[PDB]
Amino acid sequence: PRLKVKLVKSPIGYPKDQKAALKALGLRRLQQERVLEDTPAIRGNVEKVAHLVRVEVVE
Amino acid sequence: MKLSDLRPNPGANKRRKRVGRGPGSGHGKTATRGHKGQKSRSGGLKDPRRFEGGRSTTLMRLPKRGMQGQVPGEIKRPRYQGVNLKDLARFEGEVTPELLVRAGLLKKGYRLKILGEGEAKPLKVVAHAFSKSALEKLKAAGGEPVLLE
Amino acid sequence: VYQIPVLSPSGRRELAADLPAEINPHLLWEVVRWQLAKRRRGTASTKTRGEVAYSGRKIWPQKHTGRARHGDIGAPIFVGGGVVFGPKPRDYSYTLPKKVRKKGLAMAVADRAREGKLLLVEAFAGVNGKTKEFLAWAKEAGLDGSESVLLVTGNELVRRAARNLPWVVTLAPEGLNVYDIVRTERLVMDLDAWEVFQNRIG
Amino acid sequence: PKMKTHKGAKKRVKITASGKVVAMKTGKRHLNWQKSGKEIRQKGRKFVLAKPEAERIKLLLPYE
RNA sequence: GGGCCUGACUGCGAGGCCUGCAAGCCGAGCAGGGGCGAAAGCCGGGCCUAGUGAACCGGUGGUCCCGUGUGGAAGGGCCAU
RNA sequence: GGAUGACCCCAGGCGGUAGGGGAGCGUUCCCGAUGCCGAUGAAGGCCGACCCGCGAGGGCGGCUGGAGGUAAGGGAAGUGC
RNA sequence: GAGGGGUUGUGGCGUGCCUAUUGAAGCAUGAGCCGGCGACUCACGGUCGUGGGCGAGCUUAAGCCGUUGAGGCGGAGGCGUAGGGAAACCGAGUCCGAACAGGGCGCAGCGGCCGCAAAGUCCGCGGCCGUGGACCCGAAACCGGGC
RNA sequence: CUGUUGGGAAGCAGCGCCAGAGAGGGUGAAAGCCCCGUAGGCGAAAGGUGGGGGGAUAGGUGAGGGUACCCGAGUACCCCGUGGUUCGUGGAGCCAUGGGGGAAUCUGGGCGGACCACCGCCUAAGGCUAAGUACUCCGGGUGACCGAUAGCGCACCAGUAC
RNA sequence: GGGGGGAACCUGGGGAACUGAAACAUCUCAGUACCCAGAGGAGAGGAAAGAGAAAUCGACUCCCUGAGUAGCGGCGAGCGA
Ligand SMILES: NC(=[NH2+])NCCC[C@H](N)C(=O)O
Ligand SMILES: [Mg+2]
Ligand SMILES: [Mg+2]
Ligand SMILES: [Mg+2]
Ligand SMILES: [Mg+2]
Ligand SMILES: [Mg+2]
Ligand SMILES: [Mg+2]
Ligand SMILES: [Mg+2]
Ligand SMILES: [Mg+2]
Ligand SMILES: [Mg+2]
Ligand SMILES: [Mg+2]
Ligand SMILES: [Mg+2]
Ligand SMILES: [Mg+2]
Ligand SMILES: [Mg+2]
Ligand SMILES: [Mg+2]
Ligand SMILES: [Mg+2]
Ligand SMILES: [Mg+2]
Ligand SMILES: [Mg+2]
Ligand SMILES: [Mg+2]
Ligand SMILES: [Mg+2]
Ligand SMILES: [Mg+2]
Ligand SMILES: [Mg+2]
Ligand SMILES: [Mg+2]
Ligand SMILES: [Mg+2]
Ligand SMILES: [Mg+2]
Ligand SMILES: [Mg+2]
Ligand SMILES: [Mg+2]
Ligand SMILES: [Mg+2]
Ligand SMILES: [Mg+2]
Ligand SMILES: [Mg+2]
Ligand SMILES: [Mg+2]
Ligand SMILES: [Mg+2]
Ligand SMILES: [Mg+2]
Ligand SMILES: [Mg+2]
Ligand SMILES: [Mg+2]
Ligand SMILES: [Mg+2]
Ligand SMILES: [Mg+2]
Ligand SMILES: [Mg+2]
Ligand SMILES: [Mg+2]
Ligand SMILES: [Mg+2]
Ligand SMILES: [Mg+2]
Ligand SMILES: [Mg+2]
Ligand SMILES: [Mg+2]
Ligand SMILES: [Mg+2]
Ligand SMILES: [Mg+2]
Ligand SMILES: [Mg+2]
Ligand SMILES: [Mg+2]
Ligand SMILES: [Mg+2]
Ligand SMILES: [Mg+2]
Ligand SMILES: [Mg+2]
Ligand SMILES: [Mg+2]
Ligand SMILES: [Mg+2]
Ligand SMILES: [Mg+2]
Ligand SMILES: [Mg+2]
Ligand SMILES: [Mg+2]
Ligand SMILES: [Mg+2]
Ligand SMILES: [Mg+2]
Ligand SMILES: [Mg+2]
Ligand SMILES: [Mg+2]
Ligand SMILES: [Mg+2]
Ligand SMILES: [Mg+2]
Ligand SMILES: [Mg+2]
Ligand SMILES: [Mg+2]
Ligand SMILES: [Mg+2]
Ligand SMILES: [Mg+2]
Ligand SMILES: [Mg+2]
Ligand SMILES: [Mg+2]
Ligand SMILES: [Mg+2]
Ligand SMILES: [Mg+2]
Ligand SMILES: [Mg+2]
Ligand SMILES: [Mg+2]
Ligand SMILES: [Mg+2]
Ligand SMILES: [Mg+2]
Ligand SMILES: [Mg+2]
Ligand SMILES: [Mg+2]
Ligand SMILES: [Mg+2]
Ligand SMILES: [Mg+2]
Ligand SMILES: [Mg+2]
Ligand SMILES: [Mg+2]
Ligand SMILES: [Mg+2]
Ligand SMILES: [Mg+2]
Ligand SMILES: [Mg+2]
Ligand SMILES: [Mg+2]
Ligand SMILES: [Mg+2]
Ligand SMILES: [Mg+2]
Ligand SMILES: [Mg+2]
Ligand SMILES: [Mg+2]
Ligand SMILES: [Mg+2]
Ligand SMILES: [Mg+2]
Ligand SMILES: [Mg+2]
Ligand SMILES: [Mg+2]
Ligand SMILES: [Mg+2]
Ligand SMILES: [Mg+2]
Ligand SMILES: [Mg+2]
Ligand SMILES: [Mg+2]
Ligand SMILES: [Mg+2]
Ligand SMILES: [Mg+2]
Ligand SMILES: [Mg+2]
Ligand SMILES: [Mg+2]
Ligand SMILES: [Mg+2]
Ligand SMILES: [Mg+2]
Ligand SMILES: [Mg+2]
Ligand SMILES: [Mg+2]
Ligand SMILES: [Mg+2]
Ligand SMILES: [Mg+2]
Ligand SMILES: [Mg+2]
Ligand SMILES: [Mg+2]
Ligand SMILES: [Mg+2]
Ligand SMILES: [Mg+2]
Ligand SMILES: [Mg+2]
Ligand SMILES: [Mg+2]
Ligand SMILES: [Mg+2]
Ligand SMILES: [Mg+2]
Ligand SMILES: [Mg+2]
Ligand SMILES: [Mg+2]
Ligand SMILES: [Mg+2]
Ligand SMILES: [Mg+2]
Ligand SMILES: [Mg+2]
Ligand SMILES: [Mg+2]
Ligand SMILES: [Mg+2]
Ligand SMILES: [Mg+2]
Ligand SMILES: [Mg+2]
Ligand SMILES: [Mg+2]
Ligand SMILES: [Mg+2]
Ligand SMILES: [Mg+2]
Ligand SMILES: [Mg+2]
Ligand SMILES: [Mg+2]
Ligand SMILES: [Mg+2]
Ligand SMILES: [Mg+2]
Ligand SMILES: [Mg+2]
Ligand SMILES: [Mg+2]
Ligand SMILES: [Mg+2]
Ligand SMILES: [Mg+2]
Ligand SMILES: [Mg+2]
Ligand SMILES: [Mg+2]
Ligand SMILES: [Mg+2]
Ligand SMILES: [Mg+2]
Ligand SMILES: [Mg+2]
Ligand SMILES: [Mg+2]
Ligand SMILES: [Mg+2]
Ligand SMILES: [Mg+2]
Ligand SMILES: [Mg+2]
Ligand SMILES: [Mg+2]
Ligand SMILES: [Mg+2]
Ligand SMILES: [Mg+2]
Ligand SMILES: [Mg+2]
Ligand SMILES: [Mg+2]
Ligand SMILES: [Mg+2]
Ligand SMILES: [Mg+2]
Ligand SMILES: [Mg+2]
Ligand SMILES: [Mg+2]
Ligand SMILES: [Mg+2]
Ligand SMILES: [Mg+2]
Ligand SMILES: [Mg+2]
Ligand SMILES: [Mg+2]
Ligand SMILES: [Mg+2]
Ligand SMILES: [Mg+2]
Ligand SMILES: [Mg+2]
Ligand SMILES: [Mg+2]
Ligand SMILES: [Mg+2]
Ligand SMILES: [Mg+2]
Ligand SMILES: [Mg+2]
Ligand SMILES: [Mg+2]
Ligand SMILES: [Mg+2]
Ligand SMILES: [Mg+2]
Ligand SMILES: [Mg+2]
Ligand SMILES: [Mg+2]
Ligand SMILES: [Mg+2]
Ligand SMILES: [Mg+2]
Ligand SMILES: [Mg+2]
Ligand SMILES: [Mg+2]
Ligand SMILES: [Mg+2]
Ligand SMILES: [Mg+2]
Ligand SMILES: [Mg+2]
Ligand SMILES: [Mg+2]
Ligand SMILES: [Mg+2]
Ligand SMILES: [Mg+2]
Ligand SMILES: [Mg+2]
Ligand SMILES: [Mg+2]
Ligand SMILES: [Mg+2]
Ligand SMILES: [Mg+2]
Ligand SMILES: [Mg+2]
Ligand SMILES: [Mg+2]
Ligand SMILES: [Mg+2]
Ligand SMILES: [Mg+2]
Ligand SMILES: [Mg+2]
Ligand SMILES: [Mg+2]
Ligand SMILES: [Mg+2]
Ligand SMILES: [Mg+2]
Ligand SMILES: [Mg+2]
Ligand SMILES: [Mg+2]
Ligand SMILES: [Mg+2]
Ligand SMILES: [Mg+2]
Ligand SMILES: [Mg+2]
Ligand SMILES: [Mg+2]
Ligand SMILES: [Mg+2]
Ligand SMILES: [Mg+2]
Ligand SMILES: [Mg+2]
Ligand SMILES: [Mg+2]
Ligand SMILES: [Mg+2]
Ligand SMILES: [Mg+2]
Ligand SMILES: [Mg+2]
Ligand SMILES: [Mg+2]
Ligand SMILES: [Mg+2]
Ligand SMILES: [Mg+2]
Ligand SMILES: [Mg+2]
Ligand SMILES: [Mg+2]
Ligand SMILES: [Mg+2]
Ligand SMILES: [Mg+2]
Ligand SMILES: [Mg+2]
Ligand SMILES: [Mg+2]
Ligand SMILES: [Mg+2]
Ligand SMILES: [Mg+2]
Ligand SMILES: [Mg+2]
Ligand SMILES: [Mg+2]
Ligand SMILES: [Mg+2]
Ligand SMILES: [Mg+2]
Ligand SMILES: [Mg+2]
Ligand SMILES: [Mg+2]
Ligand SMILES: [Mg+2]
């Protein structure tokens with residue numbers, strides 16, 4: 001199963017490492033969605049910015 | 001519910017067609033065979049799938065193609081049966097030849113080759129071969145390809 | 001889903017067990033058709049014009065007698081000749097699918113559960129092979145011979161006692177089958193046989 | 001008894017995935033020196049058989 | 001009638017004519033490497049319609065696909081004729 | 001129309017060989033049947049101007065016959081001259 | 001016993017039955033008459049159609065155990081799940097090709113996770129085909145061994 | 001068991017009884033309890049069988065090191081002519097052999113589809129060997145088998161009369 | 001000790017033709033029908049100079065399957081491990 005992640009909340013005012021997790025995810029702009037594999041390495045970063053991101057599991 | 005209620009559903013048990021049994025039936029006299037030829041006879045015609053009245057036959061005027069083989073016959077060589085990633089969706093943990101012959105996907109005596117139709121899953125998949133596209137998908141999805149010998 | 005009565009010393013209990021609620025009559029017809037056809041002997045036979053005892057001699061010349069042309073007297077146009085397409089020894093059996101038999105077995109019992117005709121018993125009190133003994137038990141158990149009963153128990157001593165009654169058909173549970181279930185008006189089983197029955201529909 | 005595969009058909013013909021019957025075009029076994037390249041090239045390809053004849057051949061191959 | 005030439009192409013082939021099948025026929029256009037022309041273009045034989053023969057079996061040139069435990073070889077397959 | 005083939009109303013079709021389809025009748029046998037019909041008369045036979053069915057047929061009654069027959073609903077064929 | 005049965009004088013109309021044929025009452029075939037016997041079946045495989053079971057799966061063969069008109073076990077194997085190529089081989093593609101060109105043959109459920117349906121497959125039934133003598137009867141002949 | 005109708009009860013009726021027996025066939029008609037049976041049980045002095053149980057007997061039995069003695073002959077092997085196998089001369093091997101030539105004893109020989117090499121498999125030219133398998137003159141059991149033109153050619157004095 | 005008999009069954013030694021190929025010769029029918037010798041309640045076969053690719057199996061006989069596969073074939077009809 002894959003992952004469709006949406007950037008819903010702004011990272012402004014959040015620590016530099018959460019800022020980076022979006023760079024690894026590839027999320028750059030608000031409401032932008034990227035479709036990514038459900039790998040535990042990708043999963044650890046999504047669960048990092050989970051409070052700023054909207055995840056739906058399209059398989 | 002006792003016996004005398006047991007019935008086949010409508011249409012489940014049709015009567016037979018009996019020929020040569022009178023004018024009123026529709027099938028009397030000539031038994032639906034018409035009149036008086038080789039087809040009308042007990043014994044009938046030459047094989048309708050092939051024979052054509054003496055002329056060279058539609059099948060026999062076509063040319064042969066390709067290796068037909070010789071004695072002592074088939075050459076023993078390894079045989080590959082492919083199964084798609086879509087088929088692996090039902091499994092967890094490990095995937096092997098013997099497991100895919102049990103679920104009824106891979107056939108015995110056949111070496112396992114994975115092909116790329118569908119999505120890959122984070123499974124350890126042990127096969128004799130992989131398609132290039134199944135290889136990429138498997139890596140990129142958290143899966144572990146494991147060749148054999 | 002069904003509430004199946006149990007006879008006992010300590011209470012006409014109520015055991016539950018999931019039998020199908022949909023009964024498919026045609027499927028039950030298909031099981032009985034199989035049951036009855038696979039028991040056929042297929043010993044009907046006739047003789048062909050090559051199996052008949054006469055010789056292969058032309059009885060009289062083809063032409064110039066004023067009679068019809070004939071070959072040998074074994075031909076099926078003669079009285080005493082062979083018979084055309086007569087019955088030959090046959091096997092009428094065939095492999096009805098297991099899931100059709102198995103589900104037909106659940107359906108047959110479910111049909112008697114709908115009616116209150118299925119009755120289970122813990123044991124049989126004083127019956128030890130004597131018909132008079134089974135008869136007394138049946139009466140206190142509410143089987144007075146007005147309804148035909150399929151008794152299904154592994155107790156040999158209980159099957160011997162009942163088997164000669166005109167209204168009773170005895171079976172060991174391994175022999176439970178839809179024809180005998182549908183043949184009768186009521187179903188009476190051990191708990192040991194009921195357990196066996198559950199182990200055959202799963 | 002069980003039907004036998006016609007080997008003459010087996011050696012000339014194939015049943016495709018949707019049930020069509022393909023064979024080699026005829027007419028280039030020999031006498032090709034005065035045949036145009038268009039004639040040789042196109043006679044090098046497979047063709048789908050007309051439906052009546054295909055349905056006859058398929059019956060001869062009951063285990064493909 | 002003359003000049004230069006070899007398209008009397010290789011790899012394909014949209015769409016059709018004809019038609020019981022199998023055949024037969026016409027074909028723009030794209031690619032390879034060319035010929036003629038300043039060029040627009042033309043050229044996949046010949047003004048056109050006859051000048052022909054399905055398959056099986058075998059020959060020859062190529063290809064290097066198969067090679068009966070393995071490497072070869074025998075013998076096949078494929079392309080051409 | 002009414003909900004279903006419950007029946008009714010309206011309109012149209014309904015010559016037929018080869019031949020395609022459909023719906024039925026009857027014969028032998030099995031399940032139903034440890035039943036049921038039967039000496040107050042089984043099957044079969046001979047009548048009938050009677051009833052039901054388009055028809056194949058099925059009843060009913062009289063006579064003969066003297067011991068068998070077998071429903072509703074299904075099953076299988078040595079099934080109709 | 002306002003109806004019905006039997007009979008048939010007169011009047012009207014009126015070319016047997018079957019087979020074969022372009023066409024028969026036909027002066028074309030068959031049949032004296034009556035009764036009984038008498039011709040489209042079965043096995044295995046195939047192919048459609050159909051009634052059910054299960055469904056990315058479906059199904060067991062021999063046999064084993066039970067029964068004594070009881071059913072069960074048994075997964076060996078078979079069909080299906082992937083095609084294209086003479087093949088090596090590759091694979092949702094592949095083959096021809098120099099081609100990433102063109103072309104052949106291939107690839108993709110209805111509903112509010114459960115229902116409904118469905119590839120497929122198993123069994124029953126039915127039509128037709130193949131193999132058998134294959135709807136029934138009929139030669140003249142051929143061969144074998146004897147008389 | 002009794003009564004009743006009837007030529008006859010086993011039919012109908014009253015009241016009973018058995019059942020490890022309600023398979024079936026009889027008895028003047030239609031009988032669980034009348035007869036023969038059926039369920040369940042028992043039975044061989046004599047002959048046959050005895051594949052199972054027991055007991056005899058025949059036969060069965062190491063390790064190194066050395067020696068290179070033996071290991072199935074008109075055989076193997078090759079060639080010619082055939083057969084067998086799925087193999088019809090095919091690239092034609094394998095197993096068999098009518099003709100000709102013709103070895104060796106393990107460092108011997110045959111095979112793995114011409115052939116060669118490599119790698120393996122196997123031990124020819126002496127013999128025997130239960131069980132599982134086939135058939136049905138004979139006996140019994142059982143039929144959605146026939147019912148006297150049917151079923152065997154024969155239900156009967158039939159392989160007869162002719 | 002042999003001889004001769006025995007319904008089929010079995011082994012061995014010999015061995016057709018109609019037919020099918022819509023003619024026919026190779027091919028088929030078929031090592032079938034039949035003749036002959038022998039066997040016994042069975043007969044044959046049987047303890048690898050096997051199989052053939054599993055770096056494997058492990059006498060023979062018989063059923064199922066593998067499989068109408070592999071192949072054979074005027075590469076026709078068909079035959080068929
Ligand atoms: N245990 C049994 N097999 N019971 C079934 C009845 C057996 C026998 N057919 C009888 O009627 O008595
Ligand atoms: Mg903020
Ligand atoms: Mg940090
Ligand atoms: Mg039927
Ligand atoms: Mg009918
Ligand atoms: Mg039929
Ligand atoms: Mg019909
Ligand atoms: Mg007829
Ligand atoms: Mg009629
Ligand atoms: Mg019709
Ligand atoms: Mg008609
Ligand atoms: Mg007629
Ligand atoms: Mg017809
Ligand atoms: Mg028809
Ligand atoms: Mg017809
Ligand atoms: Mg006719
Ligand atoms: Mg005509
Ligand atoms: Mg005609
Ligand atoms: Mg006629
Ligand atoms: Mg005609
Ligand atoms: Mg005709
Ligand atoms: Mg006719
Ligand atoms: Mg005729
Ligand atoms: Mg005939
Ligand atoms: Mg004919
Ligand atoms: Mg092949
Ligand atoms: Mg071989
Ligand atoms: Mg029968
Ligand atoms: Mg029969
Ligand atoms: Mg007969
Ligand atoms: Mg007979
Ligand atoms: Mg005869
Ligand atoms: Mg005869
Ligand atoms: Mg005779
Ligand atoms: Mg005879
Ligand atoms: Mg005689
Ligand atoms: Mg004769
Ligand atoms: Mg004759
Ligand atoms: Mg004779
Ligand atoms: Mg004769
Ligand atoms: Mg004459
Ligand atoms: Mg005369
Ligand atoms: Mg006469
Ligand atoms: Mg006559
Ligand atoms: Mg005559
Ligand atoms: Mg005759
Ligand atoms: Mg005769
Ligand atoms: Mg007879
Ligand atoms: Mg007779
Ligand atoms: Mg007859
Ligand atoms: Mg016949
Ligand atoms: Mg006949
Ligand atoms: Mg028959
Ligand atoms: Mg039989
Ligand atoms: Mg059938
Ligand atoms: Mg069967
Ligand atoms: Mg009873
Ligand atoms: Mg009863
Ligand atoms: Mg019973
Ligand atoms: Mg009984
Ligand atoms: Mg061929
Ligand atoms: Mg050609
Ligand atoms: Mg040619
Ligand atoms: Mg060529
Ligand atoms: Mg050539
Ligand atoms: Mg030219
Ligand atoms: Mg050209
Ligand atoms: Mg050219
Ligand atoms: Mg080319
Ligand atoms: Mg197959
Ligand atoms: Mg396939
Ligand atoms: Mg010029
Ligand atoms: Mg130049
Ligand atoms: Mg076109
Ligand atoms: Mg055309
Ligand atoms: Mg160009
Ligand atoms: Mg250019
Ligand atoms: Mg140019
Ligand atoms: Mg230039
Ligand atoms: Mg230019
Ligand atoms: Mg052009
Ligand atoms: Mg010209
Ligand atoms: Mg010119
Ligand atoms: Mg031409
Ligand atoms: Mg030929
Ligand atoms: Mg050739
Ligand atoms: Mg190579
Ligand atoms: Mg190589
Ligand atoms: Mg090799
Ligand atoms: Mg080398
Ligand atoms: Mg070399
Ligand atoms: Mg060649
Ligand atoms: Mg070569
Ligand atoms: Mg070559
Ligand atoms: Mg190539
Ligand atoms: Mg060519
Ligand atoms: Mg009209
Ligand atoms: Mg009409
Ligand atoms: Mg209709
Ligand atoms: Mg009827
Ligand atoms: Mg009738
Ligand atoms: Mg009967
Ligand atoms: Mg009865
Ligand atoms: Mg009765
Ligand atoms: Mg009465
Ligand atoms: Mg009386
Ligand atoms: Mg009377
Ligand atoms: Mg009768
Ligand atoms: Mg009447
Ligand atoms: Mg009287
Ligand atoms: Mg009467
Ligand atoms: Mg009687
Ligand atoms: Mg009657
Ligand atoms: Mg009846
Ligand atoms: Mg009925
Ligand atoms: Mg029934
Ligand atoms: Mg008949
Ligand atoms: Mg009058
Ligand atoms: Mg008038
Ligand atoms: Mg008149
Ligand atoms: Mg008129
Ligand atoms: Mg007249
Ligand atoms: Mg007239
Ligand atoms: Mg008439
Ligand atoms: Mg005529
Ligand atoms: Mg005429
Ligand atoms: Mg006249
Ligand atoms: Mg006249
Ligand atoms: Mg006249
Ligand atoms: Mg005349
Ligand atoms: Mg006349
Ligand atoms: Mg005539
Ligand atoms: Mg006639
Ligand atoms: Mg006469
Ligand atoms: Mg008369
Ligand atoms: Mg008559
Ligand atoms: Mg038919
Ligand atoms: Mg059949
Ligand atoms: Mg069918
Ligand atoms: Mg079907
Ligand atoms: Mg099922
Ligand atoms: Mg299953
Ligand atoms: Mg292929
Ligand atoms: Mg393509
Ligand atoms: Mg395409
Ligand atoms: Mg469904
Ligand atoms: Mg289905
Ligand atoms: Mg058909
Ligand atoms: Mg035959
Ligand atoms: Mg026939
Ligand atoms: Mg037929
Ligand atoms: Mg003569
Ligand atoms: Mg001859
Ligand atoms: Mg001759
Ligand atoms: Mg002659
Ligand atoms: Mg002679
Ligand atoms: Mg009296
Ligand atoms: Mg009395
Ligand atoms: Mg009994
Ligand atoms: Mg009785
Ligand atoms: Mg009796
Ligand atoms: Mg009675
Ligand atoms: Mg009775
Ligand atoms: Mg009695
Ligand atoms: Mg006993
Ligand atoms: Mg006894
Ligand atoms: Mg030593
Ligand atoms: Mg030595
Ligand atoms: Mg030796
Ligand atoms: Mg010697
Ligand atoms: Mg030789
Ligand atoms: Mg040879
Ligand atoms: Mg040979
Ligand atoms: Mg060859
Ligand atoms: Mg050979
Ligand atoms: Mg020799
Ligand atoms: Mg050695
Ligand atoms: Mg050596
Ligand atoms: Mg040797
Ligand atoms: Mg050798
Ligand atoms: Mg070898
Ligand atoms: Mg060798
Ligand atoms: Mg080799
Ligand atoms: Mg070996
Ligand atoms: Mg023993
Ligand atoms: Mg023995
Ligand atoms: Mg034995
Ligand atoms: Mg007997
Ligand atoms: Mg009788
Ligand atoms: Mg008589
Ligand atoms: Mg007789
Ligand atoms: Mg009589
Ligand atoms: Mg007799
Ligand atoms: Mg007779
Ligand atoms: Mg006499
Ligand atoms: Mg002697
Ligand atoms: Mg003797
Ligand atoms: Mg003797
Ligand atoms: Mg022999
Ligand atoms: Mg001898
Ligand atoms: Mg011989
Ligand atoms: Mg001779
Ligand atoms: Mg011949
Ligand atoms: Mg034929
Ligand atoms: Mg034949
Ligand atoms: Mg012929
Ligand atoms: Mg012919
Ligand atoms: Mg001739
Ligand atoms: Mg011939
Ligand atoms: Mg032969
Ligand atoms: Mg042969
Ligand atoms: Mg012989
Ligand atoms: Mg014989
Ligand atoms: Mg003897
Ligand atoms: Mg024995
Ligand atoms: Mg022996
Ligand atoms: Mg021996
Ligand atoms: Mg030995
Ligand atoms: Mg297979
Ligand atoms: Mg198969």
Side-chain angles (χ1 to χ4, degrees), chain B residues 3-9 11-14 16-17 19-22 24 31-32 34-35 42-43 46-49 51 54 56 58 60-63 65-67 69-76 82 87 104-105 115-117 131, chain C residues 24 26-27 29-30 33 36 39-41 43-46 53-54 62 69-71 75-77 79-80 83-88 90 94-97 99-100 103 129 131 160-161 163-166 171-172 174-177 180, chain D residues 1-5 7-8 11 16-17 20 22 26-27 29-33 36-38 41 45-46 50 52-53 59 62-63:
Chain B
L3 287 179
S4 75
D5 304 336
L6 276 178
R7 282 181 292 275
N9 288 343
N13 186 25
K14 202 182 175 46
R16 267 154 202 199
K17 167 174 202 181
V19 301
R21 284 306 186 270
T32 75
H35 276 278
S42 171
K46 289 197 68 83
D47 176 14
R49 298 153 319 159
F51 193 72
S56 35
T58 294
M60 291 300 173
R61 308 166 70 259
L62 304 182
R65 162 167 262 244
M67 278 175 276
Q70 323 82 16
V71 299
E74 198 150 59
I75 291 142
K76 199 98 206 181
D87 302 316
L105 307 169
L115 299 153
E117 191 76 336
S131 68
Chain C
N24 185 343
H26 171 96
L27 185 121
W29 174 85
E30 284 223 351
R33 203 202 99 107
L36 296 194
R39 78 194 217 179
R40 295 193 59 169
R41 284 287 278 149
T43 60
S45 173
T46 71
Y54 311 110
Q62 178 83 356
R69 20 135 125 153
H70 297 305
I77 194 162
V79 185
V83 5
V84 166
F85 297 136
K88 288 288 193 172
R90 294 181 79 187
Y94 60 87
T95 302
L96 195 64
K99 293 169 182 190
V100 164
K103 140 173 295 217
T131 311
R160 307 215 296 242
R163 65 194 197 183
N164 204 43
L165 298 166
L171 271 184
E174 297 86 13
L176 195 60
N177 62 83
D180 290 354
Chain D
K2 57 199 206 169
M3 303 195 78
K4 293 195 186 184
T5 299
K7 299 312 179 69
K11 293 162 175 182
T16 78
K20 300 170 177 190
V22 292
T26 61
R29 272 304 197 244
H30 71 154
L31 302 156
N32 301 352
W33 94 101
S36 70
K38 161 191 169 176
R41 193 184 308 106
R45 289 186 53 251
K46 294 181 182 181
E53 311 299 336
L59 291 174
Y63 312 100

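Note that these values count all heavy atoms, side chains included, but never hydrogens, waters or copies made by symmetry. Residue numbers start from 1 in every chain, and the chains themselves are labelled A, B, ... in the order their sequence lines are given, proteins ahead of strands.
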Select one nucleotide: of [options], the one nearest the side-chain heavy atoms of [X].
| X | options | value |
| --- | --- | --- |
| B:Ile75 | I:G68, G:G52, E:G67 | E:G67 |
| C:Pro76 | G:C136, H:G141, G:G127 | G:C136 |
| C:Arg41 | H:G141, G:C105, G:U81 | H:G141 |
| D:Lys11 | E:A22, F:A76, I:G73 | I:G73 |
| D:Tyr63 | H:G113, H:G153, I:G68 | I:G68 |
| D:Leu59 | E:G53, G:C123, G:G46 | G:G46 |

Indicate, yes or no, whether a donor-acceptor pair under 3.5 Å links the base of [N] to the side chain of [X].
| X | N | result |
| --- | --- | --- |
| D:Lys4 | I:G80 | yes |
| D:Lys7 | I:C75 | no |
| B:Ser4 | F:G32 | no |
| C:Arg39 | G:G69 | yes |
| D:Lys20 | G:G106 | no |

Quick one: are the six-membered base rings of [N] and [M] within stacking range, meaning centres under 5.5 Å apart and planes under 30 degrees?
| N | M | result |
| --- | --- | --- |
| G:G6 | G:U7 | yes |
| H:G50 | H:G51 | no |
| E:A50 | E:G51 | no |
| H:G83 | H:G84 | yes |
| H:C122 | H:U123 | yes |

**OP:** Sort out the partner of H:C70 for me: Watson-Crick or G-U wobble, both distances under 3.5 Å, none otherwise.
**Re:** none

Original post:
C1'-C2'-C3'-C4' for G:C79: north (positive) or south (negative)?
Top reply: north

**OP:** Could you check how far CD of B:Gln70 sits from P of E:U68, rounded to whole Å?
**Re:** 10 Å

Original post:
Tell me: CZ of C:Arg33 to P of H:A144, nearest whole Å?
Top reply: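 So the CZ-P distance, C:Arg33 to H:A144, works out to 15 Å.
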
With a non-hydrogen cut-off below 4.0 angstrom, is [X] in contact with a base, only sugar-phosphate, or nothing?
| X | value |
| --- | --- |
| C:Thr46 | base |
| B:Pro48 | sugar-phosphate |
| B:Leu115 | base |

Original post:
Looking at C:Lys99, does any N or O in its side chain come under 4.0 Å of the phosphate oxygens OP1/OP2 on G:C58?
Top reply: yes

